[PDB]
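The structure appears below as structure tokens.
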Amino acid sequence: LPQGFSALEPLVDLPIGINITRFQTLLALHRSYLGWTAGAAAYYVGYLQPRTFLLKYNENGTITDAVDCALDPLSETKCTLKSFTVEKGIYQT
Amino acid sequence: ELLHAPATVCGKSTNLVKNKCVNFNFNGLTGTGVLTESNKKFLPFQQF
């Protein structure tokens with residue numbers, strides 16, 4: 001996994017009225033005709049939860065930074081103050 | 001069919017003027033003002 005920050009853009013939207021509960025990841029592999037060989041898949045799986053985020057926009061309209069408002073007290077202080085830099089003091093959160 | 005899914009079957013666009021106080025309807029957004037050409041740049045998936 002990299003050590004940078006990249007944002008995701010909406011690729012496709014679809015109108016679908018069906019109910020969805022499970023997904024199955026299709027996989028095809030090289031046929032050496034010796035015929036499918038061994039596999040070396042390297043795909044990762046994660047899941048989403050409701051969270052509150054604070055995002056930063058530049059002059060070209062792209063996203064440069066973000067902060068999660070519930071990770072540690074400093075993040076919540078930044079979330080309450082509505083800023084990215086703070087000074088010394090005591091704050092009520 | 002009875003409307004149980006989002007509606008998709010249905011289906012004007014008068015001319016365009018600029019630099020004067022006019023009423024505008026841009027895809028459902030209604031308002032009044034003065035229309036002038038700008039120099040801002042949009043990413044190619046943003047409407048307004």
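Residues are named by chain letter and number: chains run A, B, ... in the order of the structure tokens, numbers start at 1 in each chain, and ligands are numbered from 1 in the order shown.
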Any idea which chain B residues end up within 9 Å of chain A if we count only C-alpha atoms, as a ChimeraX atom specification please?
/B:4-6,40-43,45
Running DSSP on the backbone, which parts of chain A land in strand (DSSP E), as a list in words?
residues 53, 54, 55, 56, 57, 63, 64, 65, 66, 67 and 68 of chain A
Filtered DSSP result for chain A, state helix (DSSP H, G or I), as a count of residues only
9
Within 8 Å of stretch 63-83 of chain A: each stretch 15-59 of chain A residue with its shortest pair, only C-alpha atoms, as a Markdown table:
| residue | atom | partner | partner_atom | distance |
| --- | --- | --- | --- | --- |
| A:51 | CA | A:68 | CA | 7.5 |
| A:52 | CA | A:69 | CA | 5.9 |
| A:53 | CA | A:68 | CA | 4.9 |
| A:54 | CA | A:67 | CA | 5.2 |
| A:55 | CA | A:66 | CA | 4.4 |
| A:56 | CA | A:65 | CA | 5.2 |
| A:57 | CA | A:63 | CA | 4.9 |
| A:58 | CA | A:63 | CA | 6.7 |
Output C-alpha atoms of each residue in that selection to a file, as an mmCIF file, in the first residue's frame.
data_model
loop_
_atom_site.group_PDB
_atom_site.id
_atom_site.type_symbol
_atom_site.label_atom_id
_atom_site.label_comp_id
_atom_site.auth_asym_id
_atom_site.auth_seq_id
_atom_site.Cartn_x
_atom_site.Cartn_y
_atom_site.Cartn_z
ATOM 1 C CA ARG A 51 -18.090 8.415 9.820
ATOM 2 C CA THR A 52 -17.710 12.196 9.777
ATOM 3 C CA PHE A 53 -14.877 13.595 7.658
ATOM 4 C CA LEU A 54 -13.351 17.018 7.045
ATOM 5 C CA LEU A 55 -11.922 17.670 3.577
ATOM 6 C CA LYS A 56 -9.590 20.272 2.075
ATOM 7 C CA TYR A 57 -9.999 21.834 -1.375
ATOM 8 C CA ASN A 58 -7.414 23.744 -3.406
#
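The shell of residues at most 9 Å from residue B:37, with only C-alpha atoms counted and near chain neighbours (fewer than 2 positions) removed, consists of residues 18, 19, 35 and 39 of chain B.
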Selected residues, N, CA and C atoms, written as a JSON list (two decimals), in the first residue's frame, please.
[["chain", "number", "residue", "atom", "x", "y", "z"],
["B", 18, "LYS", "N", -27.78, 36.72, -22.83],
["B", 18, "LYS", "CA", -26.74, 37.03, -21.87],
["B", 18, "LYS", "C", -26.74, 38.52, -21.55],
["B", 19, "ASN", "N", -26.10, 38.86, -20.42],
["B", 19, "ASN", "CA", -25.78, 40.22, -20.00],
["B", 19, "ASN", "C", -26.99, 41.06, -19.60],
["B", 35, "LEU", "N", -26.34, 36.98, -16.43],
["B", 35, "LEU", "CA", -25.49, 35.90, -16.92],
["B", 35, "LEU", "C", -24.31, 36.47, -17.70],
["B", 39, "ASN", "N", -14.20, 32.57, -16.24],
["B", 39, "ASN", "CA", -12.91, 31.97, -16.54],
["B", 39, "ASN", "C", -12.56, 30.84, -15.58]]
I'd like the neighbourhood of stretch 22-25 of chain B as a VMD selection string, where a residue qualifies if any of its atoms comes within 10 Å (using only C-alpha atoms), though same-chain residues fewer than 6 positions away should be ignored.
chain B and resid 13 16 31 to 35
With only C-alpha atoms as the counted atoms, please give the residues lying no more than 12 Å from residue A:26, apart from itself and same-chain residues fewer than 3 positions off, as a PDB file with C-alpha atoms, in the first residue's frame.
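Printed below is selection.pdb as written:
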ATOM      1  CA  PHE A  23     -20.911 -10.850  -4.156  1.00  0.00           C
ATOM      2  CA  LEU A  29      -6.205 -17.634 -15.372  1.00  0.00           C
ATOM      3  CA  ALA A  41      -4.256 -13.483  -6.510  1.00  0.00           C
ATOM      4  CA  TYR A  43      -6.843  -8.682  -3.876  1.00  0.00           C
TER       5      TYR A  43
END
